[PDB]
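So the structure is just underneath, and the comments pick up after that.
First listed ligand is number 1; within each ligand, the first listed atom is number 1. In this chain, numbering begins with 1 at the start of the sequence shown. Side chains are part of it too, since the values below use all heavy atoms of this structure and drop only hydrogens, waters and symmetry mates.
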Amino acid sequence: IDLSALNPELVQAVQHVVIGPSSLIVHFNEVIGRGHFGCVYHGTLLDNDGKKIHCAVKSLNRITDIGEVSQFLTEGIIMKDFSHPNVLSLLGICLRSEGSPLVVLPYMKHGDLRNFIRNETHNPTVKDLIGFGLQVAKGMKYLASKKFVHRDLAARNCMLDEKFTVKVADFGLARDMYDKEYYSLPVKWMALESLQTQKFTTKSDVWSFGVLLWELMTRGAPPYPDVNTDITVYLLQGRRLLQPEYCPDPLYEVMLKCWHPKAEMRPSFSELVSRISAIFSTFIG
Ligand SMILES: O=C(Nc1ccc(F)cc1)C1(C(=O)Nc2ccc(Oc3ccnc(Nc4ccccc4)n3)c(F)c2)CC1
């Protein structure tokens, strides 16, 4: 890539988080995932004392289009100041003389939250699953305070580390693989007004958060499984996702608030953290 062709403010932001190529070993044989535009590898990052850091290394598959390269770098820069225990952080960006720039992320042992809760070899309790939802709300409360709108909040895009801490993220692996849940947009997670206008706000992130809570309470069931990505007509008939069998009544009430037909009337993520903290606290385990 020719750095001189990129936006100079973007390049300057990249240089503030640059990783020198000799500090990063990309394990090209160890693929975490691959889609149409991107690929993710395991990597080893060496810090100044020689400590080895297990990381995920994201690359583009092609670097010929300046728009794609700029957008890819911009995605990394957007997260460089995210500093919160429930938001994925950026280790840095490795610029190489040949090939794609590399976006370097701390490695998340348990992958994405959706596949984690779907894995029958794990046995999270109802309280544990509510806790995951509380952690997402805390990360979203932080992001909303920065006026950041996520636009694709869903269990598939959040990560889980080795301590089972949820990191809100925009993994986008299913998106980049053209997963069925994206239609032309993640319509089964979208607020009614975004289905109609394709505009997104923090209050439409709240709608998506309600769907994510439903994902947690069903251990990763697909929402509206007998509805094709028809969802706008379906909702306007007067419908919502049904209450999962093990979803507490107050948490379903929270879901229905998240899906209020008026975006202005949906609870803030600050309110959601408070309410879900209380519900979580009623469980012994
Ligand atoms: O998240 C992003 N932006 C953002 C962040 C916060 C936020 F609030 C809003 C948006 C971006 C991004 O590229 N994310 C990304 C997320 C995970 C990735 O894969 C990772 C990473 C770390 N460990 C694993 N492990 C793993 C293990 C087993 C199975 C599967 C995965 N995969 C990856 F390569 C990239 C656009 C920049």
Side-chain angles (χ1 to χ4, degrees), residues 10 13-14 17 19 24 26-28 30-35 37-45 53-61 68-94 100-119 121-122 135-177 179 186 189 200-202 204-206 208-209 212 220 269:
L10 175 58
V14 171
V17 296
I19 294 169
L24 179 69
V26 180
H27 309 298
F28 289 100
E30 300 176 41
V31 176
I32 290 173
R34 170 141 53 213
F37 295 92
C39 183
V40 189
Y41 305 98
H42 289 264
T44 296
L45 182 65
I53 300 169
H54 191 178
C55 54
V57 179
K58 180 177 179 179
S59 176
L60 287 175
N61 298 329
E68 302 177 349
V69 174
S70 303
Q71 167 70 14
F72 176 72
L73 292 174
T74 290
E75 291 176 0
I77 289 314
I78 285 166
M79 58 182 299
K80 83 178 162 63
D81 293 310
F82 293 166
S83 187
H84 186 278
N86 301 115
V87 178
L88 190 63
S89 64
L90 176 72
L91 292 181
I93 296 173
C94 181
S100 174
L102 304 174
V103 168
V104 184
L105 299 318
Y107 183 68
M108 300 282 121
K109 177 179 191 190
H110 293 293
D112 68 285
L113 180 62
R114 187 187 186 234
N115 277 310
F116 181 84
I117 63 189
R118 285 178 60 81
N119 186 331
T121 77
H122 302 130
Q135 293 182 56
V136 170
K138 287 184 177 179
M140 291 304 305
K141 172 187 183 177
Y142 171 87
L143 295 174
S145 79
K146 310 297 198 190
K147 308 286 186 91
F148 176 83
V149 180
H150 188 298
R151 303 182 157 88
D152 195 12
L153 181 63
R156 58 173 176 274
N157 282 333
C158 300
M159 314 300 292
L160 197 64
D161 76 7
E162 80 279 0
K163 298 302 200 230
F164 308 99
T165 297
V166 179
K167 310 294 189 175
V168 173
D170 196 356
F171 193 8
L173 179 65
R175 189 170 63 234
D176 192 39
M177 297 181 61
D179 176 287
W189 282 256
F200 302 86
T201 63
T202 289
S204 59
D205 283 341
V206 169
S208 305
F209 176 73
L212 190 155
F269 283 109

- Message: Please confirm whether the ring centroid of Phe72 lies under 6.0 Å from the ring centroid of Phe37.
- Response: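 No - the distance between ring centres of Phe72 and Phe37 does not fall below the 6.0 Å cut-off.
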- Item | Whether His110 and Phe164 hold their rings parallel, tilted or perpendicular, with breakpoints at 30° and 60° |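 The arrangement is parallel - the two ring planes meet at less than 30°.
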- Describe, in one word, how the ring planes of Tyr107 and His54 are oriented to each other, choosing from parallel (under 30°), tilted (30 to 60°) and perpendicular (over 60°).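 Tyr107 vs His54 ring planes: parallel.
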- Check salt bridge (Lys or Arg N to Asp or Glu O under 4.0 Å) between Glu30 and all other residues, then give those that pass, not counting sequence neighbours.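 Per chain and number, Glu30 pairs via salt bridge (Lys or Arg N to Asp or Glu O under 4.0 Å) with no residue.
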Give one line per pair: atom of ligand 1, protein atom, distance. Only N/O to N/O under 3.5 Å.
unit_1, atom_1, unit_2, atom_2, d
ligand 1, 1 (O), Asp170, N, 2.9
ligand 1, 13 (O), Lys58, NZ, 3.0
ligand 1, 23 (N), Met108, N, 2.8
ligand 1, 25 (N), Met108, O, 3.1

- Message: Working note: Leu90 + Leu105, criterion side-chain contact (heavy atoms from CB on, under 4.5 Å); need CA distance, chi angles, decisive distance, verdict.
- Response: CA-CA 5 Å; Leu90 176 72; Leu105 299 318; 4.1 Å; yes
- Item | Backbone N/O of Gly220 and side chain of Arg114: donor-acceptor pair under 3.5 Å |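 Checking the backbone N and O of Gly220 against the side chain of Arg114, a donor-acceptor pair under 3.5 Å is found.
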